[PDB]
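Participant: Pasting entry.txt here (compact mmCIF, C-alpha atoms and all ligand atoms):
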```txt
# COMPACT_ATOMS: atom_id res chain seq x y z
CA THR W 6 0.00 0.00 0.00
CA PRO W 7 1.48 3.37 -1.09
CA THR W 8 1.97 5.85 1.75
CA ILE W 9 0.97 9.43 0.96
CA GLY W 10 3.21 12.08 2.51
CA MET W 11 2.00 15.54 3.54
CA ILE W 12 3.92 18.67 4.51
CA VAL W 13 1.62 20.59 6.89
CA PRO W 14 1.78 24.07 8.50
CA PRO W 15 1.54 23.22 12.24
CA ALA W 16 4.74 22.32 14.13
CA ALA W 17 3.09 19.15 15.44
CA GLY W 18 3.05 17.68 11.91
CA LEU W 19 -0.32 15.98 12.19
CA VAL W 20 -2.15 14.36 9.31
CA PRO W 21 -5.00 16.77 8.57
CA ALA W 22 -8.21 15.42 10.11
CA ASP W 23 -10.07 15.12 6.81
CA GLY W 24 -7.98 12.11 5.69
CA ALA W 25 -9.50 9.70 8.22
CA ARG W 26 -12.98 10.61 6.97
CA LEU W 27 -12.39 10.84 3.21
CA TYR W 28 -10.01 7.91 2.82
CA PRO W 29 -10.21 5.83 6.01
CA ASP W 30 -8.34 2.90 4.46
CA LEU W 31 -5.39 4.88 3.07
CA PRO W 32 -2.17 5.57 5.05
CA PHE W 33 -1.02 9.17 5.36
CA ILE W 34 2.14 10.46 7.01
CA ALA W 35 2.98 14.07 7.75
CA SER W 36 5.79 16.41 8.61
CA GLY W 37 5.23 19.85 10.17
CA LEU W 38 6.66 23.22 9.16
CA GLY W 39 5.91 25.23 12.30
CA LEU W 40 4.17 28.08 10.46
CA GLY W 41 3.63 31.03 12.82
CA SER W 42 0.84 32.91 11.05
CA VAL W 43 -1.09 32.63 7.80
CA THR W 44 0.59 35.72 6.34
CA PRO W 45 3.44 36.34 3.83
CA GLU W 46 5.75 37.18 6.76
CA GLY W 47 4.84 33.80 8.25
CA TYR W 48 5.35 31.99 4.94
CA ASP W 49 8.78 33.55 4.44
CA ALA W 50 9.94 32.03 7.76
CA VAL W 51 9.19 28.41 6.76
CA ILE W 52 9.04 28.27 2.95
CA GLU W 53 12.73 27.39 2.63
CA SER W 54 12.27 24.22 4.69
CA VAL W 55 9.69 22.66 2.37
CA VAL W 56 12.29 20.75 0.34
CA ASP W 57 13.85 19.25 3.49
CA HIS W 58 10.43 18.08 4.70
CA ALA W 59 9.82 16.51 1.28
CA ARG W 60 13.11 14.60 1.63
CA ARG W 61 12.14 13.40 5.13
CA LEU W 62 8.87 12.02 3.79
CA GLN W 63 10.73 10.33 0.93
CA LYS W 64 13.06 8.63 3.43
CA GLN W 65 9.97 7.43 5.33
CA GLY W 66 8.83 5.61 2.18
CA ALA W 67 6.21 8.05 0.90
CA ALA W 68 5.00 7.30 -2.63
CA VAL W 69 3.93 10.93 -3.21
CA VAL W 70 4.45 14.21 -1.37
CA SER W 71 1.98 17.09 -1.15
CA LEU W 72 2.60 20.51 0.33
CA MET W 73 -0.73 20.78 2.15
CA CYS W 74 -1.02 24.57 2.35
CA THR W 75 -2.80 26.65 -0.27
CA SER W 76 -1.39 30.06 0.60
CA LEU W 77 2.20 28.88 1.16
CA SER W 78 2.03 27.60 -2.42
CA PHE W 79 0.17 30.53 -4.11
CA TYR W 80 1.50 33.64 -2.32
CA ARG W 81 4.30 34.25 -4.81
CA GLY W 82 2.25 33.51 -7.93
CA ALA W 83 1.82 30.61 -10.34
CA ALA W 84 5.44 30.30 -11.47
CA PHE W 85 6.62 29.77 -7.88
CA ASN W 86 3.99 27.11 -7.25
CA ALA W 87 5.36 25.25 -10.28
CA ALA W 88 9.04 25.85 -9.39
CA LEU W 89 8.56 24.71 -5.81
CA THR W 90 6.89 21.52 -7.06
CA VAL W 91 9.84 20.84 -9.38
CA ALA W 92 12.32 21.47 -6.54
CA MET W 93 10.45 18.98 -4.33
CA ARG W 94 10.47 16.42 -7.14
CA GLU W 95 14.19 16.86 -7.85
CA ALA W 96 14.91 16.47 -4.11
CA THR W 97 12.89 13.25 -3.74
CA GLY W 98 12.49 11.53 -7.10
CA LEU W 99 8.79 11.29 -6.22
CA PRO W 100 5.52 12.63 -7.63
CA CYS W 101 5.03 15.93 -5.81
CA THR W 102 2.15 18.37 -5.65
CA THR W 103 0.76 21.31 -3.66
CA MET W 104 -2.61 22.32 -2.26
CA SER W 105 -2.73 25.16 -4.82
CA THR W 106 -2.29 22.69 -7.67
CA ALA W 107 -4.94 20.56 -5.96
CA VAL W 108 -7.55 23.30 -6.03
CA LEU W 109 -6.72 24.23 -9.64
CA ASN W 110 -7.14 20.58 -10.58
CA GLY W 111 -10.40 20.33 -8.63
CA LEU W 112 -11.87 23.48 -10.16
CA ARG W 113 -11.02 22.26 -13.66
CA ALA W 114 -12.41 18.78 -12.92
CA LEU W 115 -15.73 20.43 -12.00
CA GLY W 116 -15.78 22.79 -15.01
CA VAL W 117 -15.38 25.92 -12.90
CA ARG W 118 -13.98 28.93 -14.77
CA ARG W 119 -15.75 31.76 -12.93
CA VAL W 120 -15.12 31.15 -9.26
CA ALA W 121 -16.51 32.84 -6.16
CA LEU W 122 -14.01 32.95 -3.27
CA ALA W 123 -14.91 32.07 0.32
CA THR W 124 -11.71 32.22 2.36
CA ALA W 125 -10.28 32.24 5.86
CA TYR W 126 -7.71 34.92 5.02
CA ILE W 127 -6.80 38.58 5.39
CA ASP W 128 -6.92 40.64 2.20
CA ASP W 129 -3.25 40.63 1.19
CA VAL W 130 -3.56 36.86 0.98
CA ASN W 131 -6.97 37.13 -0.78
CA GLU W 132 -5.46 39.44 -3.41
CA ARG W 133 -2.64 36.97 -4.00
CA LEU W 134 -5.16 34.14 -4.36
CA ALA W 135 -7.12 36.13 -6.96
CA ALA W 136 -3.92 36.96 -8.86
CA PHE W 137 -2.83 33.30 -8.82
CA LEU W 138 -6.20 32.12 -10.15
CA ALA W 139 -6.14 34.76 -12.92
CA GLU W 140 -2.60 33.67 -13.90
CA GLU W 141 -4.04 30.17 -14.25
CA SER W 142 -6.85 31.31 -16.59
CA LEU W 143 -9.63 31.30 -13.99
CA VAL W 144 -11.87 34.27 -13.21
CA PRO W 145 -12.31 35.14 -9.53
CA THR W 146 -15.70 36.78 -8.98
CA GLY W 147 -17.29 37.46 -5.56
CA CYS W 148 -15.14 37.30 -2.41
CA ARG W 149 -16.01 36.97 1.25
CA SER W 150 -13.43 36.19 3.92
CA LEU W 151 -12.92 35.62 7.64
CA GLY W 152 -9.71 37.65 8.13
CA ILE W 153 -7.97 34.98 10.24
CA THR W 154 -4.20 34.55 10.52
CA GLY W 155 -3.99 32.02 13.35
CA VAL W 156 -3.65 28.34 12.44
CA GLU W 157 -5.61 27.12 15.51
CA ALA W 158 -8.24 29.83 15.05
CA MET W 159 -9.11 28.43 11.61
CA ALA W 160 -9.86 24.96 13.04
CA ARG W 161 -12.39 26.57 15.42
CA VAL W 162 -14.68 27.93 12.68
CA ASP W 163 -17.95 25.95 12.69
CA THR W 164 -19.77 24.34 9.78
CA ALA W 165 -22.69 26.77 9.69
CA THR W 166 -20.36 29.77 9.54
CA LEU W 167 -18.60 28.17 6.57
CA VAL W 168 -21.87 27.38 4.78
CA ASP W 169 -22.95 30.99 5.25
CA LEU W 170 -19.57 32.30 4.02
CA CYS W 171 -19.92 30.30 0.78
CA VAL W 172 -23.52 31.38 0.25
CA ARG W 173 -22.66 35.07 0.82
CA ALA W 174 -19.66 34.86 -1.56
CA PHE W 175 -21.82 33.24 -4.24
CA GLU W 176 -24.68 35.72 -3.77
CA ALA W 177 -22.16 38.49 -4.49
CA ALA W 178 -21.74 36.94 -7.99
CA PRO W 179 -24.62 34.47 -8.57
CA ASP W 180 -23.71 33.68 -12.19
CA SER W 181 -20.44 32.06 -11.03
CA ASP W 182 -19.66 28.43 -11.98
CA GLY W 183 -18.60 27.36 -8.50
CA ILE W 184 -16.98 28.27 -5.22
CA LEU W 185 -13.45 27.97 -3.88
CA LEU W 186 -13.46 27.56 -0.10
CA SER W 187 -9.84 28.36 0.64
CA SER W 188 -7.64 27.36 3.60
CA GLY W 189 -6.54 23.90 4.59
CA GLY W 190 -6.96 24.97 8.22
CA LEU W 191 -10.74 24.93 7.96
CA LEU W 192 -12.86 21.90 8.80
CA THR W 193 -15.15 21.96 5.81
CA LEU W 194 -16.37 18.40 5.19
CA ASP W 195 -19.91 18.93 6.54
CA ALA W 196 -20.19 22.35 4.88
CA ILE W 197 -19.47 21.23 1.32
CA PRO W 198 -22.51 19.00 0.61
CA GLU W 199 -24.81 21.56 2.25
CA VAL W 200 -23.54 24.40 0.06
CA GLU W 201 -23.75 22.25 -3.08
CA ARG W 202 -27.32 21.18 -2.14
CA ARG W 203 -28.50 24.75 -1.54
CA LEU W 204 -26.82 26.47 -4.48
CA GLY W 205 -26.56 23.78 -7.17
CA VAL W 206 -22.94 24.69 -7.94
CA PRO W 207 -19.80 22.75 -6.97
CA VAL W 208 -17.47 23.68 -4.10
CA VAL W 209 -13.73 23.01 -4.11
CA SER W 210 -12.31 23.18 -0.59
CA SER W 211 -8.56 23.37 0.17
CA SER W 212 -8.06 20.44 2.57
CA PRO W 213 -10.38 17.92 0.88
CA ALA W 214 -9.03 18.90 -2.57
CA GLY W 215 -5.49 18.38 -1.23
CA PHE W 216 -6.40 14.82 -0.28
CA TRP W 217 -8.20 14.17 -3.56
CA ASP W 218 -5.22 15.47 -5.52
CA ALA W 219 -2.62 13.52 -3.51
CA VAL W 220 -4.64 10.33 -3.97
CA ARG W 221 -4.89 11.18 -7.69
CA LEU W 222 -1.09 11.44 -7.86
CA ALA W 223 -0.71 8.09 -6.07
CA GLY W 224 -2.26 6.57 -9.22
CA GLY W 225 -4.34 3.80 -7.64
CA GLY W 226 -7.70 5.39 -8.43
CA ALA W 227 -8.83 5.09 -4.80
CA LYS W 228 -12.25 6.62 -4.16
CA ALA W 229 -13.44 8.59 -1.15
CA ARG W 230 -16.35 7.70 1.09
CA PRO W 231 -19.52 9.34 -0.31
CA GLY W 232 -21.13 12.64 0.67
CA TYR W 233 -18.16 15.02 0.69
CA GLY W 234 -19.00 16.83 -2.53
CA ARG W 235 -19.09 16.52 -6.30
CA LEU W 236 -15.29 16.58 -6.49
CA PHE W 237 -15.23 13.14 -4.90
CA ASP W 238 -18.54 11.67 -5.94
CA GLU W 239 -18.23 12.41 -9.66
CA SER W 240 -16.07 9.34 -10.30
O1 LIG C 1 -4.29 26.50 3.20
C1 LIG C 1 -3.83 27.58 3.66
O2 LIG C 1 -3.72 28.62 2.94
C2 LIG C 1 -3.38 27.75 5.10
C3 LIG C 1 -3.41 26.59 6.06
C4 LIG C 1 -3.26 25.24 5.69
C5 LIG C 1 -3.29 24.25 6.68
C6 LIG C 1 -3.46 24.59 8.02
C7 LIG C 1 -3.61 25.93 8.39
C8 LIG C 1 -3.58 26.92 7.41
```
Will you turn the file into structure tokens for me?

Facilitator:
Amino acid sequence: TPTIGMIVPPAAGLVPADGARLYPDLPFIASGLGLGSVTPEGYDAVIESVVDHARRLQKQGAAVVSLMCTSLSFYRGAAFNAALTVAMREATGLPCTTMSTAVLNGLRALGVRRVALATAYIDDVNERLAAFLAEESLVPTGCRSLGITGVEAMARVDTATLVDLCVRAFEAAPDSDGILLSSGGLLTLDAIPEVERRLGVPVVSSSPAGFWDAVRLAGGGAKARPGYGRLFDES
């Protein structure tokens, strides 16, 4: 059984909680960066260690490595997301990916070109997300955000708040194709099917998309348990 390796923001280096729910029969291992805040200043303090964490996961027998942070991978633009991926691959000899690549792949899989943004972030990070998506030939539309920079604070946001955030972002641009719910620090699994039910458009969420994309890269065609959104169930 291929192990999937994940580089995660918190120092503790825990497998993000969504994995046990989405893919209960797949093994995940993780290595933690110790990110201090979800801000460019925070990213700058850990970004250089990503390659070393990739190498650790390789030594542990990982079959694929994903950098499981959207903003760490998009904050410098599309070229850096690609270059960082290549650096990880050259360091490990393994298939490597990032949570930003994951959400691009998920949005494309669901036919989303015009995308409403529902995010956890402050606006410098939101602007960088919009610029990244535009570089990648997507069209960011409405935007609502929570303005959070703490890693732990993001895990505390409840399902109903996240459903409402998505609905408000979509209602700001109701001819959008879908919604990006951005930040792998959010616990979004119960929010996704509710938003999709109510609005009739797909949602791509950072953490779940990261898992979907890593499992994709592992090349076994493993399928998630049902009810976590069209991204998973449309296979
Ligand atoms: O995805 C992000 O942009 C940030 C993030 C990822 C995982 C845990 C906390 C924050």

Participant: Would you give me, as a tab-separated table, each residue of chain W having an atom within 10 Å of an atom of ligand LIG 1 (chain C), along with its shortest atom pair and that distance in Å to one decimal, using only C-alpha atoms and all ligand atoms and sorting by chain and residue number?

Facilitator:
```
residue	atom	partner	partner_atom	distance
W:12	CA	C:LIG1	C5	9.4
W:13	CA	C:LIG1	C5	6.1
W:14	CA	C:LIG1	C6	5.3
W:15	CA	C:LIG1	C6	6.7
W:21	CA	C:LIG1	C5	7.9
W:40	CA	C:LIG1	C7	8.3
W:41	CA	C:LIG1	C7	9.9
W:42	CA	C:LIG1	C8	8.3
W:43	CA	C:LIG1	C2	6.0
W:44	CA	C:LIG1	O2	9.0
W:48	CA	C:LIG1	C2	9.7
W:72	CA	C:LIG1	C4	9.2
W:73	CA	C:LIG1	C4	6.2
W:74	CA	C:LIG1	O1	3.9
W:75	CA	C:LIG1	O1	3.8
W:76	CA	C:LIG1	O2	3.6
W:77	CA	C:LIG1	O2	6.2
W:78	CA	C:LIG1	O2	7.9
W:79	CA	C:LIG1	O2	8.3
W:80	CA	C:LIG1	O2	9.0
W:103	CA	C:LIG1	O1	10.0
W:104	CA	C:LIG1	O1	7.1
W:105	CA	C:LIG1	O1	8.3
W:124	CA	C:LIG1	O2	8.8
W:125	CA	C:LIG1	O2	8.0
W:126	CA	C:LIG1	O2	7.7
W:130	CA	C:LIG1	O2	8.5
W:131	CA	C:LIG1	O2	9.8
W:134	CA	C:LIG1	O2	9.3
W:153	CA	C:LIG1	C8	9.6
W:154	CA	C:LIG1	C8	8.3
W:155	CA	C:LIG1	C8	7.8
W:156	CA	C:LIG1	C7	4.7
W:157	CA	C:LIG1	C7	7.5
W:158	CA	C:LIG1	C7	9.0
W:159	CA	C:LIG1	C7	6.8
W:160	CA	C:LIG1	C7	7.9
W:186	CA	C:LIG1	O1	9.8
W:187	CA	C:LIG1	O1	6.4
W:188	CA	C:LIG1	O1	3.5
W:189	CA	C:LIG1	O1	3.7
W:190	CA	C:LIG1	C7	3.5
W:191	CA	C:LIG1	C7	7.2
W:192	CA	C:LIG1	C6	9.8
W:210	CA	C:LIG1	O1	9.5
W:211	CA	C:LIG1	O1	6.1
W:212	CA	C:LIG1	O1	7.2
W:215	CA	C:LIG1	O1	9.3
```

Participant: CA of residue 177 in chain W and CA of residue 165 in chain W, how far apart in Å?

Facilitator: 18.4 Å

Participant: Can you tell me how far CA of residue 84 in chain W sits from CA of residue 208 in chain W, in Å to one decimal?

Facilitator: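 Calculated distance between CA of residue 84 in chain W and CA of residue 208 in chain W is 25.0 Å.
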
Participant: Using only C-alpha atoms, pick whichever of W:10, W:228, W:203, W:92 has the shortest atom-to-atom distance to residue 55 in chain W.

Facilitator: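 Smallest separation from residue 55 in chain W among the options: W:92.
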
Participant: Separation of CA of residue 142 in chain W and CA of residue 122 in chain W, in Å?

Facilitator: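 Distance reported for this atom pair: 15.2 Å.
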
Participant: Can you tell me, as a PyMOL selection string, what residues are no more than 12 Å from residue 202 in chain W when counting all atoms listed in the file, ignoring any on the same chain fewer than 5 positions away?

Facilitator: chain W and resi 168+172+195-197+207-208+232-235

Participant: Using all atoms listed in the file, which residue out of W:217, W:27, W:9, W:138 lies closest to residue 231 in chain W?

Facilitator: W:27

Participant: Mind checking which residues fall within 12 Å of residue 67 in chain W, counting all atoms listed in the file, ignoring those fewer than 5 positions away in the same chain, and posting them as a ChimeraX atom specification?

Facilitator: /W:6-12,32-36,58-62,97-101,219,222-223
